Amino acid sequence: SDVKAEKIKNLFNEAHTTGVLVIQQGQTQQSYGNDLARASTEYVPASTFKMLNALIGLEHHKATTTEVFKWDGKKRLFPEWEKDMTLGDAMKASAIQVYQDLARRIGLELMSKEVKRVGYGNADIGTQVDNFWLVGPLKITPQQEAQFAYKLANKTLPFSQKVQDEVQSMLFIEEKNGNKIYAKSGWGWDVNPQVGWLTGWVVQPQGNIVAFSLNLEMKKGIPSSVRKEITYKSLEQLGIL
């Protein structure tokens, strides 16, 4: 009961940061962590926007799942970004360059319309189609991120069933003890204070879907693993894993 949520508050505390974890089962949401006010606070989606970025591109034939985005050879911030990748490969590695290319294919006209049509966050993408999710006006609360993941998990987003099933496969991580796990990590360092994301959902053995969105403040020098660690540890303590 209230004891399960006391360890979660310590999990964010032992990481020396303030964060929240939103869990949605059915149409009900529950928040955990040390800064519960974060659940209703808007932050830049960062790489979590790639979920919707891929849905728009595939639905409007801007790209395909087998298309290969060749690396130009210029040095990148991460070594995993220095390779030719399909849209799916770029999703796991969080290759900003590939989805900036896709965003330029979609264009500000279609990008802004589709974001508003789905109702993603504040639905304000500004005028630059290649950076609105990292620093731009686009902001979203962790509650809206978990609600988005739950709808994508059940394929109830306003996109074709084919496209939703393709983006789902891009986000598949692992199957831990019979539970299939889908998630998309995010890290917006170009906003102060920095924000850390981990949005996804769990497909339990009987098919039940449990969506989640971890949101914490990416402090200076904090390890990027903390997002995945707190999320996995929390779901285990919540009986979901």
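All residue numbers refer to positions in the sequence shown, first residue = 1.
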Looking only at CA atoms, which has the higher mean B factor in the entry: 224-232 or 11-19? 11-19
If you average the CA temperature factors as listed in the entry, which stretch comes out higher, 158-166 or 80-88? 80-88
Deposited CA B-factor, highest of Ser213, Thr66, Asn53, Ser185: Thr66
Of the residues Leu171, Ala103, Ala146, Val135, the one carrying the largest Cα B-factor as recorded: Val135
Please say which third, lowest, middle or highest, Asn34 falls into when its CA temperature factor is compared across its chain. highest
Which third of the chain does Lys139 land in by C-alpha B-factor: lowest, middle or highest? middle
Of the three thirds of its chain by CA temperature factor, lowest, middle or highest, which one includes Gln206? highest
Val115, C-alpha B-factor rank within chain (lowest, middle or highest third): middle
Comparing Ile96 with the other modelled residues of its chain, is its CA B-factor in the lowest, middle or highest third? lowest
